[PDB]
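Only one structure is covered here, and it is reproduced in the block below.
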Amino acid sequence: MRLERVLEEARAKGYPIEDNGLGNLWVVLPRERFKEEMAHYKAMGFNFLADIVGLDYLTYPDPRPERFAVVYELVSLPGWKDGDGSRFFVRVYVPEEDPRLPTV
Amino acid sequence: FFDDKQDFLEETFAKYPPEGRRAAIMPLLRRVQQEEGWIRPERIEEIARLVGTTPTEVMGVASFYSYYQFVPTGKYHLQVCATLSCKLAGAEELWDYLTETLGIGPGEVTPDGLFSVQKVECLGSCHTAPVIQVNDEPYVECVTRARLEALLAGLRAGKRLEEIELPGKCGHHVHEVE
Amino acid sequence: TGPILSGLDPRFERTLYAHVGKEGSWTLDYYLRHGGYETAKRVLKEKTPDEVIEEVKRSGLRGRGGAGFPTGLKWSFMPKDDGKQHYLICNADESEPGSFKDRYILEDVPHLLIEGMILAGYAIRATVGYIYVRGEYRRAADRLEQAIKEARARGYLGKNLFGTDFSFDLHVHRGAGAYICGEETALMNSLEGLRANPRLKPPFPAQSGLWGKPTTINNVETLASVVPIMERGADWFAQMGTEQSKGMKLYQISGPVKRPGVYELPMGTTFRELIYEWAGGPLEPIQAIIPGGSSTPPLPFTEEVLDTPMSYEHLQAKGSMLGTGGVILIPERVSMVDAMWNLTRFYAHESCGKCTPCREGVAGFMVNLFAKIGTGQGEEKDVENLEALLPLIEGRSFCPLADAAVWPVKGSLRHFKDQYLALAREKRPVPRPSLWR
Amino acid sequence: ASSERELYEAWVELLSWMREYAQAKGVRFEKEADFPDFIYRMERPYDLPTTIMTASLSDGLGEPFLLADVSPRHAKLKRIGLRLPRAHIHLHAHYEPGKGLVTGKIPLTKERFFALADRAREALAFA
Amino acid sequence: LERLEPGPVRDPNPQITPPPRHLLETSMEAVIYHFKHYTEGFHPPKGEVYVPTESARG
Amino acid sequence: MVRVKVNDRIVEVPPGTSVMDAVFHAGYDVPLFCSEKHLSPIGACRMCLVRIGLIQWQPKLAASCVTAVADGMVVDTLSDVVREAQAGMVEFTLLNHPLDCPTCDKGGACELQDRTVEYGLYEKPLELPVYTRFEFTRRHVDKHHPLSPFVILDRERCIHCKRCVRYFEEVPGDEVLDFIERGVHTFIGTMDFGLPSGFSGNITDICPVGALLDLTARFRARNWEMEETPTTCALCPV
Ligand code: SF4
Ligand code: SF4
Ligand code: FES
Ligand code: FES
């Protein structure tokens, strides 16, 4: 729900929105715009950055935009005085050539 | 074998294209069938050689048909119609009776060796049921235990089928049962 | 009375029983003394093959041997003019209970057929014809062989036939039995010398047959019907039988009826008429009658059913189809089950196997179901099973026999189901009446 | 039901004969199969009087002229079958209570079986 | 303990579950699936998945 | 080229071609047993039966593989009815297929096996499984018959792979085998008794069951365990 004001935004910014029928969601971003976007989220009341899973798609039986892909899991702890349980992933495909990305 | 009766081949080969040869196999078999009452391996191999084909081929082909044979089969091959119409006409009971009469089971030949048995599929003589044929020599129509045994006893006495004749009668092309 | 009628007609006349059962009709000259050859002589000299096609094409002549594909159209699949001769193959094997119609024709009036086949031959531009007779009818093969020597003697065969360089020649070919030897592609193996395996069918024998050369195969009845056609005209043909099913047909009957056999009747006569009036009525309580062939759906003994015309197109309207005209009358003295049991014990023997689904499926499974049930070891479950097995077979086969083999049992489970459910659930052996008639 | 038992006992019997003939003529025997239900039996009750599901007599070429198979324990339609290669001869032994073991309906005896065998052996004589 | 009573202990879809071993004795299809399961092991479909849970350790 | 749509994807693929191949090009699939690479099909397996729209739907499921292609054609493969049927045919196939898996050395290469598990499964979410409707005793026939100094034959393996018999015709054009008895009584054999053809052994590979195996490595290893080392022959100048 905290999520939703992110979602309309994401849609507005045209970011592709992955969804598994298991109700897991990724948001496909470029590298550049990430940091700030993600800044805005914490501000928007995102409690808890749970994960960073680095992905190697060296060999995959389908095409992907990039070989290296990061994925953040952000969460809103509802058991905290703020939060809604709003948990979602952000995926960001990553050039192999530059293994860079601004921290969080 | 028919290297004495090659004429029969010439007769049959004329019926076929030069390369249409395999057809003849069927006549050759049936010829052997008549004369020896079944088919010894060597014959089939021989036919094979004649037609130049592989034995194996010919074997399968042979094995594709009720008619052909490969064992000592008693002299009067009683080919009992067992199918539906006839079954309804008590070919069932007939087949019971026969088998118990000779005693010997199916696939057996009487120790005398005058009687081979086989149930068989429709003889398309349903109207004149229950019918049996002894070899391919005309149909033994609407037999009853009497008609049957009269025939049997005649055969049993070393006669031929057109020497012992059946009590009762049957209709012609249209049959009548009573 | 009026035209395009069937039933009882003063103006109906048998022709294929006008001289069957009358002896010496294996004398060519006897045959001559009741027409023929004249009619060929004319035809060759009168009309093109195409034209006599058109004649039959108006006759509406349908297939036979359980077929009903208009033979006109069947010629429409022919090429004509391709530098390759063609072949006329007589499907002179039939074998299946209740089925036996062609038999006496072969036995008693060879020279007829041969004329029809000369006619037909010319029509499909085939200079040689094979008659493929089941090798179980011996008389017929004798009588035919004799006839071809006869015709050949008088120069009705050879390469000139009337000085006409239509060259026409025959051979007889004695079988070794099995239904499947009839199958149009299978036969081609059999004859060409190779065990049956039905071949590819988007190639039709029609468009390319035996060693590439396109053949036409016809049933004896069909072939015989050419002579009446050429003799007496298509209008005259249409004058007999229904619009739907034109001409007469060699209807047959079997089962407990006073006179069973072949009754050459116009087409559209009802069952009632045939069964009572002609065949001589029943003798015994009938459960059902299996109308035509035997592959046809059996339909219970019912008045409204009997009053249906025996035809291609109204048994159609009773959801069935017409077989070879080989009715079987089935008493309830025996159990219907036992009929279908026996039936599938026939089919299972005679499996092509090429229909794989039906090799393992029917000839392995289906049969065994019956056996278990009617010993009195059945359960409802099994029948349900059995029922459910059927569509899995039904659609699809490499020869349409399986699908035909379900149809009787299919029908019997549509109607008489109850009987099965009874005997099975109660683990009860089938009754056995003494079948000594 | 318990038909089963006498059948099994008969199956052994028949088998015994098959061996006897085998030794008698010196003709080749080979056991073909054993029960599935022996393999995958693994603590569940086994009590079959032999272990042998299928066995055959061969010409001496590894080609049988006679095959002989029993039905498995819980495999319905319990019968014993024979079949002669290249003969299309398929024999269905039933058991009939109050009689014994019957060939169609005719009781089997050893001699019957021998006769079948000799005609097989000698006729088909593939080697 | 209150909520405890008899029941099957795993999913009875034998496609996805290895079958009971008291049935190898019986059907071929069993045998096939059994064999297969313990050799190759199934193919789940393509996907990523995550479930959050509370362990003892967090 | 011919305009095909298999279900959700379209392909060009020139004419005279089999539906089947376009199916596999399209990334759609079917069980397959009779026809094979480098060999003229037959209809026999009947596994390639689909339904097709062109837009109606056939009343009888044609073996797609056998049929040619058509422009504007629709091919339906994800059909519920297909899947059911597949299972069906599978079951039918399995009816006499003798239980021998552990000692089956077709094994990992029992493609048949793999199709079974792929396409099979009873029609019923289940709360209780089914396995069969069959329960009668199986056929028992021929086994342990050495067919050759290199090749052991245990007959009841064969599914009526007609492949080898076919091979002999197609490939060498030298024949040595044949089906024997008819219907269910049938079975393939030789009457050469040891096949003097110079090409023979390929049939081992072709055998889509384990009927024809290399005796020399019978009971010596298991299919999966082997390292299958692609490499080059030199034993003939080919
Ligand atoms: S052929 Fe295949 S399914 Fe059969 S036992 Fe061998 S590996 Fe198993
Ligand atoms: S031995 Fe194998 S390849 Fe040959 S027909 Fe049988 S299953 Fe097919
Ligand atoms: S059912 Fe016996 S001759 Fe037809
Ligand atoms: S691949 Fe078998 S029917 Fe086509």
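Each chain of the structure tokens is named A, B, ... in the order shown, its residues numbered from 1; ligands are numbered from 1 in display order.
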
### Task
Using only C-alpha atoms, determine which residues of chain F fall within 8 Å of chain C; present them as a ChimeraX atom specification.
/F:42-46,59-61,85,88-89,92-93,95-96,133-134,136,182-184

Kindly export the residues of the current selection with N, CA and C atoms, as a compact mmCIF listing (two decimals), in the first residue's frame.
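Saved result, result20.txt, follows:
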# COMPACT_ATOMS: atom_id res chain seq x y z
N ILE F 42 5.68 -42.91 -40.79
CA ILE F 42 4.52 -43.73 -40.94
C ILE F 42 3.61 -43.13 -39.92
N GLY F 43 2.37 -43.63 -39.84
CA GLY F 43 1.38 -43.04 -38.99
C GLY F 43 1.37 -43.77 -37.69
N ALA F 44 2.22 -44.79 -37.57
CA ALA F 44 2.03 -45.87 -36.66
C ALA F 44 1.96 -45.49 -35.22
N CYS F 45 2.82 -44.57 -34.77
CA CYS F 45 2.82 -44.23 -33.39
C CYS F 45 1.60 -43.53 -33.02
N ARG F 46 1.14 -42.67 -33.93
CA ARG F 46 -0.09 -41.95 -33.80
C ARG F 46 0.08 -41.00 -32.65
N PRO F 59 -12.32 -33.34 -37.54
CA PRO F 59 -13.10 -34.25 -36.74
C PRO F 59 -12.26 -35.42 -36.32
N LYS F 60 -11.03 -35.57 -36.84
CA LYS F 60 -10.22 -36.70 -36.51
C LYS F 60 -8.86 -36.15 -36.47
N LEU F 61 -8.08 -36.58 -35.47
CA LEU F 61 -6.84 -35.96 -35.18
C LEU F 61 -5.84 -36.66 -36.01
N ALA F 85 -5.63 -37.56 -24.30
CA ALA F 85 -5.42 -38.54 -25.30
C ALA F 85 -4.04 -39.07 -25.24
N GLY F 88 -3.76 -41.45 -22.71
CA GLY F 88 -4.50 -42.58 -23.19
C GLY F 88 -3.60 -43.52 -23.90
N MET F 89 -3.08 -43.08 -25.05
CA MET F 89 -2.16 -43.82 -25.84
C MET F 89 -1.01 -44.36 -25.11
N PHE F 92 -2.14 -47.33 -23.22
CA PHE F 92 -2.36 -48.39 -24.16
C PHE F 92 -1.06 -49.04 -24.47
N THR F 93 -0.02 -48.22 -24.61
CA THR F 93 1.29 -48.68 -24.94
C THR F 93 1.80 -49.50 -23.83
N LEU F 95 0.30 -51.34 -21.71
CA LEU F 95 -0.40 -52.55 -21.43
C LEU F 95 0.38 -53.82 -21.32
N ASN F 96 1.36 -54.07 -22.21
CA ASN F 96 2.14 -55.28 -22.12
C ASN F 96 3.54 -54.98 -21.94
N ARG F 133 -5.97 -49.13 -15.01
CA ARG F 133 -7.28 -49.63 -15.15
C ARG F 133 -7.03 -51.05 -15.52
N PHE F 134 -5.84 -51.33 -16.10
CA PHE F 134 -5.29 -52.63 -16.36
C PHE F 134 -4.97 -53.33 -15.08
N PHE F 136 -4.84 -57.18 -15.64
CA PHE F 136 -4.80 -58.54 -16.07
C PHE F 136 -3.38 -58.87 -16.24
N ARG F 182 0.15 -62.07 -36.63
CA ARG F 182 -0.65 -60.89 -36.81
C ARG F 182 -1.19 -60.43 -35.50
N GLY F 183 -1.80 -59.22 -35.52
CA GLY F 183 -2.45 -58.62 -34.40
C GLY F 183 -1.55 -58.53 -33.22
N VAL F 184 -2.07 -58.97 -32.07
CA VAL F 184 -1.38 -58.89 -30.82
C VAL F 184 -0.44 -60.05 -30.73

### Task
Can you check which residues of segment 92-127 of chain D DSSP gives as alpha helix (DSSP H) on the backbone and send them as a list in words?
residues 110, 111, 112, 113, 114, 115, 116, 117, 118, 119, 120, 121, 122, 123 and 124 of chain D

Same residues, C-alpha atoms, output as a PDB file, in the first residue's frame:
ATOM      1  CA  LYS D 110       1.728 -85.155 -19.084  1.00  0.00           C
ATOM      2  CA  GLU D 111       1.415 -87.184 -22.277  1.00  0.00           C
ATOM      3  CA  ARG D 112      -0.786 -84.514 -23.882  1.00  0.00           C
ATOM      4  CA  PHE D 113       1.931 -82.064 -23.103  1.00  0.00           C
ATOM      5  CA  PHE D 114       4.620 -84.415 -24.433  1.00  0.00           C
ATOM      6  CA  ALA D 115       2.734 -84.825 -27.660  1.00  0.00           C
ATOM      7  CA  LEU D 116       2.446 -81.119 -28.005  1.00  0.00           C
ATOM      8  CA  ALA D 117       6.118 -80.951 -27.305  1.00  0.00           C
ATOM      9  CA  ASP D 118       7.212 -83.539 -29.776  1.00  0.00           C
ATOM     10  CA  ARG D 119       5.191 -82.133 -32.534  1.00  0.00           C
ATOM     11  CA  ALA D 120       6.617 -78.757 -31.651  1.00  0.00           C
ATOM     12  CA  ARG D 121      10.191 -79.848 -31.248  1.00  0.00           C
ATOM     13  CA  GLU D 122      10.240 -81.921 -34.371  1.00  0.00           C
ATOM     14  CA  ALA D 123       8.022 -79.820 -36.592  1.00  0.00           C
ATOM     15  CA  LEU D 124       9.291 -76.396 -36.010  1.00  0.00           C
TER      16      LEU D 124
END

### Task
For chain E, work out the contacting residues on chain A at 9 Å, counting only C-alpha atoms, and write them as a PyMOL selection string.
chain A and resi 20+22+24

Let's have the selection written as an mmCIF file, in the first residue's frame, with N, CA and C atoms.
data_model
loop_
_atom_site.group_PDB
_atom_site.id
_atom_site.type_symbol
_atom_site.label_atom_id
_atom_site.label_comp_id
_atom_site.auth_asym_id
_atom_site.auth_seq_id
_atom_site.Cartn_x
_atom_site.Cartn_y
_atom_site.Cartn_z
ATOM 1 N N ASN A 20 5.334 -12.458 -10.519
ATOM 2 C CA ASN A 20 5.178 -13.875 -10.473
ATOM 3 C C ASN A 20 3.851 -14.014 -9.864
ATOM 4 N N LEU A 22 3.036 -15.868 -7.764
ATOM 5 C CA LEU A 22 3.325 -16.138 -6.398
ATOM 6 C C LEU A 22 3.374 -14.822 -5.664
ATOM 7 N N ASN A 24 5.210 -12.011 -6.269
ATOM 8 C CA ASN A 24 6.485 -11.410 -6.003
ATOM 9 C C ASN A 24 6.672 -10.473 -7.120
#

### Message
What's around residue 29 of chain D at 7 Å? Count only C-alpha atoms, leave out sequence neighbours fewer than 2 positions away in its own chain, and write the answer as number ranges by chain.
### Response
D: 19, 22, 27, 31, 56-58

For the residues in that selection, give me N, CA, C and O atoms as a PDB file, in the first residue's frame.
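Result file follows (result04.pdb):
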ATOM      1  N   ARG D  19      11.079 -79.510 -17.540  1.00  0.00           N
ATOM      2  CA  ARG D  19      12.412 -79.907 -17.235  1.00  0.00           C
ATOM      3  C   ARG D  19      12.658 -81.324 -17.603  1.00  0.00           C
ATOM      4  O   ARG D  19      13.742 -81.653 -18.048  1.00  0.00           O
ATOM      5  N   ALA D  22      13.041 -81.778 -21.024  1.00  0.00           N
ATOM      6  CA  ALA D  22      14.249 -81.082 -21.343  1.00  0.00           C
ATOM      7  C   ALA D  22      15.384 -82.016 -21.195  1.00  0.00           C
ATOM      8  O   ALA D  22      16.131 -82.193 -22.134  1.00  0.00           O
ATOM      9  N   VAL D  27      17.128 -81.561 -24.689  1.00  0.00           N
ATOM     10  CA  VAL D  27      16.818 -80.270 -25.222  1.00  0.00           C
ATOM     11  C   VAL D  27      16.910 -79.173 -24.218  1.00  0.00           C
ATOM     12  O   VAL D  27      16.655 -79.357 -23.031  1.00  0.00           O
ATOM     13  N   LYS D  31      15.112 -70.743 -17.959  1.00  0.00           N
ATOM     14  CA  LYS D  31      14.212 -69.910 -17.203  1.00  0.00           C
ATOM     15  C   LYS D  31      14.245 -68.531 -17.757  1.00  0.00           C
ATOM     16  O   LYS D  31      15.311 -68.028 -18.089  1.00  0.00           O
ATOM     17  N   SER D  56      10.994 -71.523 -20.501  1.00  0.00           N
ATOM     18  CA  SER D  56      10.784 -71.944 -21.862  1.00  0.00           C
ATOM     19  C   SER D  56      11.691 -73.086 -22.212  1.00  0.00           C
ATOM     20  O   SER D  56      12.695 -73.347 -21.547  1.00  0.00           O
ATOM     21  N   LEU D  57      11.293 -73.808 -23.281  1.00  0.00           N
ATOM     22  CA  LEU D  57      12.107 -74.767 -23.961  1.00  0.00           C
ATOM     23  C   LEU D  57      12.498 -74.263 -25.284  1.00  0.00           C
ATOM     24  O   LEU D  57      11.654 -73.895 -26.093  1.00  0.00           O
ATOM     25  N   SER D  58      13.818 -74.274 -25.496  1.00  0.00           N
ATOM     26  CA  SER D  58      14.456 -73.820 -26.679  1.00  0.00           C
ATOM     27  C   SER D  58      15.116 -74.938 -27.354  1.00  0.00           C
ATOM     28  O   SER D  58      15.417 -75.986 -26.791  1.00  0.00           O
TER      29      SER D  58
END

Which residues of chain B sit at most 10 Å from chain F, using only C-alpha atoms? Give each one's shortest atom pair and distance in Å (one decimal place), in chain and ascending residue order, as CSV.
residue,atom,partner,partner_atom,distance
B:45,CA,F:191,CA,9.4
B:53,CA,F:175,CA,8.9
B:54,CA,F:176,CA,6.5
B:55,CA,F:191,CA,6.0
B:56,CA,F:191,CA,4.5
B:57,CA,F:178,CA,5.5
B:58,CA,F:178,CA,8.5
B:59,CA,F:180,CA,6.8
B:60,CA,F:180,CA,3.9
B:61,CA,F:180,CA,7.2
B:62,CA,F:180,CA,8.2
B:63,CA,F:181,CA,5.2
B:64,CA,F:182,CA,5.7
B:65,CA,F:182,CA,8.1
B:66,CA,F:182,CA,9.9

### Query
Mind listing the residues within 8 Å of ligand 4, only C-alpha atoms and all ligand atoms counted, as a PyMOL selection string?
chain F and resi 32-36+41-49+63-66

#### Entry: Long-range neighbours of residue 30 of chain E as a list in words, 9 Å cut-off, only C-alpha atoms, 2 positions minimum in chain
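My list of contacting residues is residues 14, 18, 19, 20, 21, 23, 24, 25, 26, 27, 28, 32, 33, 34 and 35 of chain E; 131 of chain F.
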
### Task
For ligand 1, collect every residue having any atom at a distance of at most 10 Å from a ligand atom (counting only C-alpha atoms and all ligand atoms); output as a ChimeraX atom specification.
/E:28-29,31-32,35-36 /F:94,97-114,116,156-159,207-212,223

Could you save the residues just selected, with C-alpha atoms, as a PDB file, in the first residue's frame?
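Produced file part-v8.pdb, reproduced below:
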ATOM      1  CA  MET E  28       4.552 -50.123 -14.417  1.00  0.00           C
ATOM      2  CA  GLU E  29       3.614 -46.470 -14.389  1.00  0.00           C
ATOM      3  CA  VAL E  31       7.836 -48.039 -11.546  1.00  0.00           C
ATOM      4  CA  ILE E  32       8.505 -45.579 -14.272  1.00  0.00           C
ATOM      5  CA  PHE E  35      12.677 -44.712 -11.202  1.00  0.00           C
ATOM      6  CA  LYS E  36      12.544 -41.381 -12.872  1.00  0.00           C
TER       7      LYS E  36
ATOM      8  CA  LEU F  94       2.052 -49.703 -21.459  1.00  0.00           C
ATOM      9  CA  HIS F  97       5.259 -53.384 -21.607  1.00  0.00           C
ATOM     10  CA  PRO F  98       7.041 -55.674 -19.296  1.00  0.00           C
ATOM     11  CA  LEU F  99       8.219 -54.339 -15.982  1.00  0.00           C
ATOM     12  CA  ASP F 100      11.951 -54.519 -16.066  1.00  0.00           C
ATOM     13  CA  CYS F 101      13.138 -50.945 -15.433  1.00  0.00           C
ATOM     14  CA  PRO F 102      15.991 -51.640 -12.978  1.00  0.00           C
ATOM     15  CA  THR F 103      17.547 -54.081 -15.345  1.00  0.00           C
ATOM     16  CA  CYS F 104      16.254 -52.138 -18.340  1.00  0.00           C
ATOM     17  CA  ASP F 105      19.334 -50.751 -19.943  1.00  0.00           C
ATOM     18  CA  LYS F 106      17.462 -48.581 -22.295  1.00  0.00           C
ATOM     19  CA  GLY F 107      17.069 -46.726 -19.082  1.00  0.00           C
ATOM     20  CA  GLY F 108      18.201 -43.136 -19.257  1.00  0.00           C
ATOM     21  CA  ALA F 109      17.771 -43.445 -22.946  1.00  0.00           C
ATOM     22  CA  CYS F 110      14.221 -44.762 -22.485  1.00  0.00           C
ATOM     23  CA  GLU F 111      12.760 -41.835 -24.291  1.00  0.00           C
ATOM     24  CA  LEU F 112       9.564 -43.762 -24.096  1.00  0.00           C
ATOM     25  CA  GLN F 113       9.924 -43.621 -20.313  1.00  0.00           C
ATOM     26  CA  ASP F 114      10.470 -39.862 -20.540  1.00  0.00           C
ATOM     27  CA  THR F 116       5.375 -41.278 -20.288  1.00  0.00           C
ATOM     28  CA  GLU F 156       9.032 -58.341 -25.162  1.00  0.00           C
ATOM     29  CA  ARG F 157      10.991 -55.100 -24.972  1.00  0.00           C
ATOM     30  CA  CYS F 158       9.820 -54.019 -28.433  1.00  0.00           C
ATOM     31  CA  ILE F 159       7.031 -51.579 -28.686  1.00  0.00           C
ATOM     32  CA  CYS F 207      15.659 -49.258 -30.976  1.00  0.00           C
ATOM     33  CA  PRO F 208      13.620 -46.903 -28.871  1.00  0.00           C
ATOM     34  CA  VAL F 209      13.508 -49.587 -26.278  1.00  0.00           C
ATOM     35  CA  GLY F 210      16.285 -51.734 -24.961  1.00  0.00           C
ATOM     36  CA  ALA F 211      15.485 -54.805 -27.038  1.00  0.00           C
ATOM     37  CA  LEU F 212      18.692 -54.615 -29.072  1.00  0.00           C
ATOM     38  CA  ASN F 223      23.181 -45.108 -19.024  1.00  0.00           C
TER      39      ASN F 223
END

### Task
Give the residue list for ligand 3 at 7 Å, counting only C-alpha atoms and all ligand atoms, as a count of residues only, sorted by chain and then by residue number.
19

### Message
What's around residue 379 of chain C at 12 Å? Count only C-alpha atoms, leave out sequence neighbours fewer than 2 positions away in its own chain, and write the answer as a PyMOL selection string.
### Response
chain C and resi 369-370+372-377+381-386+420-428

### Query
Leaving out residue 219 of chain C and any residue of its chain fewer than 3 positions from it, which residues lie within 7 Å of it when counting only C-alpha atoms, given as a PyMOL selection string?
chain C and resi 64-65+90-92+222-223

#### Entry: For residue 101 of chain D: contacts at 10 Å, only C-alpha atoms, fewer than 5 positions along chain excluded, given as a PyMOL selection string
chain D and resi 6-7+10-11+93-96+106-109

### Query
Could you write out, as a PyMOL selection string, all the residues of chain D that DSSP marks as strand (DSSP E or B)?
chain D and resi 28-34+52-58+64-70+76+80-84+89-96+100-103+106-107

Could you please take those selected residues and save C-alpha atoms as a PDB file, in the first residue's frame?
ATOM      1  CA  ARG D  28      17.623 -76.819 -24.012  1.00  0.00           C
ATOM      2  CA  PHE D  29      15.673 -75.221 -21.193  1.00  0.00           C
ATOM      3  CA  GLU D  30      16.004 -71.667 -20.002  1.00  0.00           C
ATOM      4  CA  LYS D  31      14.212 -69.910 -17.203  1.00  0.00           C
ATOM      5  CA  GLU D  32      12.973 -66.651 -18.575  1.00  0.00           C
ATOM      6  CA  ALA D  33      11.449 -64.599 -15.840  1.00  0.00           C
ATOM      7  CA  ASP D  34      10.879 -64.381 -12.174  1.00  0.00           C
ATOM      8  CA  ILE D  52       9.760 -68.579 -11.348  1.00  0.00           C
ATOM      9  CA  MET D  53       7.261 -66.693 -13.410  1.00  0.00           C
ATOM     10  CA  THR D  54       8.212 -67.691 -16.940  1.00  0.00           C
ATOM     11  CA  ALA D  55      10.385 -70.380 -18.432  1.00  0.00           C
ATOM     12  CA  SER D  56      10.784 -71.944 -21.862  1.00  0.00           C
ATOM     13  CA  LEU D  57      12.107 -74.767 -23.961  1.00  0.00           C
ATOM     14  CA  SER D  58      14.456 -73.820 -26.679  1.00  0.00           C
ATOM     15  CA  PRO D  64      12.108 -71.281 -27.933  1.00  0.00           C
ATOM     16  CA  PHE D  65       9.791 -73.704 -29.565  1.00  0.00           C
ATOM     17  CA  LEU D  66       7.602 -73.565 -26.519  1.00  0.00           C
ATOM     18  CA  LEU D  67       6.852 -70.869 -24.026  1.00  0.00           C
ATOM     19  CA  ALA D  68       5.192 -71.395 -20.715  1.00  0.00           C
ATOM     20  CA  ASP D  69       4.019 -68.598 -18.484  1.00  0.00           C
ATOM     21  CA  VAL D  70       1.993 -68.350 -15.323  1.00  0.00           C
ATOM     22  CA  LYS D  76      -6.407 -61.137 -12.458  1.00  0.00           C
ATOM     23  CA  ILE D  80      -1.278 -70.433 -17.425  1.00  0.00           C
ATOM     24  CA  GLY D  81      -0.630 -70.057 -21.064  1.00  0.00           C
ATOM     25  CA  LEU D  82       1.415 -71.825 -23.597  1.00  0.00           C
ATOM     26  CA  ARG D  83       2.275 -70.750 -27.014  1.00  0.00           C
ATOM     27  CA  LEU D  84       4.205 -72.275 -29.783  1.00  0.00           C
ATOM     28  CA  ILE D  89      -1.211 -71.791 -31.079  1.00  0.00           C
ATOM     29  CA  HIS D  90      -2.236 -70.310 -27.873  1.00  0.00           C
ATOM     30  CA  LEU D  91      -3.272 -72.538 -25.089  1.00  0.00           C
ATOM     31  CA  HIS D  92      -5.096 -71.375 -22.082  1.00  0.00           C
ATOM     32  CA  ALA D  93      -4.972 -73.602 -19.097  1.00  0.00           C
ATOM     33  CA  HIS D  94      -7.784 -73.121 -16.757  1.00  0.00           C
ATOM     34  CA  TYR D  95      -8.244 -74.952 -13.562  1.00  0.00           C
ATOM     35  CA  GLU D  96     -11.589 -76.487 -13.064  1.00  0.00           C
ATOM     36  CA  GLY D 100      -8.294 -80.886 -12.123  1.00  0.00           C
ATOM     37  CA  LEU D 101      -6.356 -78.710 -14.534  1.00  0.00           C
ATOM     38  CA  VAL D 102      -7.945 -78.459 -17.937  1.00  0.00           C
ATOM     39  CA  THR D 103      -6.842 -77.538 -21.360  1.00  0.00           C
ATOM     40  CA  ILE D 106     -10.141 -81.394 -21.632  1.00  0.00           C
ATOM     41  CA  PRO D 107      -7.969 -82.339 -18.573  1.00  0.00           C
TER      42      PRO D 107
END

#### Entry: Distance filter 9 Å, only C-alpha atoms, chain D against chain E, as an MDAnalysis selection string
chainID D and resid 36:41 44 74:75

Taking C-alpha atoms for each residue, export the selection above as a compact mmCIF listing (two decimals), in the first residue's frame.
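again-v3.txt, freshly written:
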# COMPACT_ATOMS: atom_id res chain seq x y z
CA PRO D 36 8.09 -58.83 -10.22
CA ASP D 37 6.34 -59.43 -6.98
CA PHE D 38 9.41 -61.25 -5.77
CA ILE D 39 11.81 -58.50 -6.73
CA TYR D 40 9.71 -55.76 -5.26
CA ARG D 41 8.59 -58.09 -2.57
CA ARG D 44 5.46 -58.15 2.23
CA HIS D 74 -2.77 -60.64 -7.85
CA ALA D 75 -2.80 -60.35 -11.61

### Message
Just the number, please: distance in Å from atom CA of residue 332 of chain C to atom CA of residue 406 of chain C, one decimal.
### Response
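Computing it gives 20.7 Å between the two atoms.
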
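Across the structure, atom CA of residue 77 of chain A and atom CA of residue 47 of chain A are spaced 6.0 Å apart.
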
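Atom pair atom CA of residue 88 of chain C / atom CA of residue 14 of chain B: separated by 17.2 Å.
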